[PDB]
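> Below is the sequence, then the experimental coordinates.
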Amino acid sequence: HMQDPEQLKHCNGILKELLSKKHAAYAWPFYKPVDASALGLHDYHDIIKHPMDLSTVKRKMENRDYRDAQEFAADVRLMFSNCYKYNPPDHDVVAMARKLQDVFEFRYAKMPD
């Protein structure tokens, strides 16, 4: 669609915001792939089939992997879902995920038509 490049600029804007200092207090667990070994999470890859994180979203954006906004949003949401799947709902990381997802969803819902 003709709108796809403009919409992907909006996606790129969101991505930059999610990685910005503004949100670093709660965004940082999502900056890089979960290093399960390093963290002693030896069940992580048995539970999470499709790991996702903001550095991977960024690589896919830069490489023009995403063909539309919907595809980008699915990856960002996958990242949050993995957090909700793996962690008890009262863990601080889940609170951080919900805060960053709120940033995401509110700005995603402003995408130009």
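Thanks, I have the structure now. Residues are numbered from 1 along each chain as shown.

> Where does the residue most central in space within the chain fall, secondary structure wise?
Taking CA atoms, centre = their mean as the criterion, residue 76 is the residue nearest the geometric centre of the chain, at 3.3 Å. According to DSSP states H and E, residue 76 maps onto helix 69-86.

> Packing partners of that helix?
For helix 69-86, the packing partners by 3 or more CB pairs under 8 Å, 6 or more residues apart in numbering; DSSP states H and E come out as helix 4-18, helix 44-47, helix 54-62, helix 92-108. C-beta here means a position set from N, CA and C on the backbone, and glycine is covered the same way.

> Just tell me which of the ones you listed ends up closest to residue 30.
helix 54-62 (5.0 Å; CB to CB).

> What are the buried residues along that closest one?
Across helix 54-62, burial judged by 16 or more other CB atoms under 10 Å covers 54, 56, 57, 58, 60, 61.

> could these be laid out in JSON lines, adding distance to residue 5?
Shown next, in JSON lines, are the buried residues of helix 54-62 (distance: CB to CB, whole Å):
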{"residue": "54", "distance to residue 5": "21"}
{"residue": "56", "distance to residue 5": "21"}
{"residue": "57", "distance to residue 5": "18"}
{"residue": "58", "distance to residue 5": "18"}
{"residue": "60", "distance to residue 5": "16"}
{"residue": "61", "distance to residue 5": "12"}
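
> The nearest residue to residue 55 once chain neighbours are set aside: how many residues sit nearby?
Once flanking residues are discounted, residue 55 sits nearest to residue 32: 5.2 Å by CB to CB, 6 or more residues apart in numbering. By other CB atoms under 10 Å, 11 other residues sit near residue 32.

> Touching, residue 100 and residue 27? I think so.
Yes: using CB atoms under 8 Å, residue 100 is in contact with residue 27, at 5.2 Å.

> These two: which is more packed in?
Shown here are residue 100 and residue 27; by other CB under 10 Å, residue 100 has more neighbours (23 against 20).

> Roughly how far does that one sit from residue 64?
Noted for residue 100: a distance of 25 Å to residue 64, by CB to CB, to the nearest Å.
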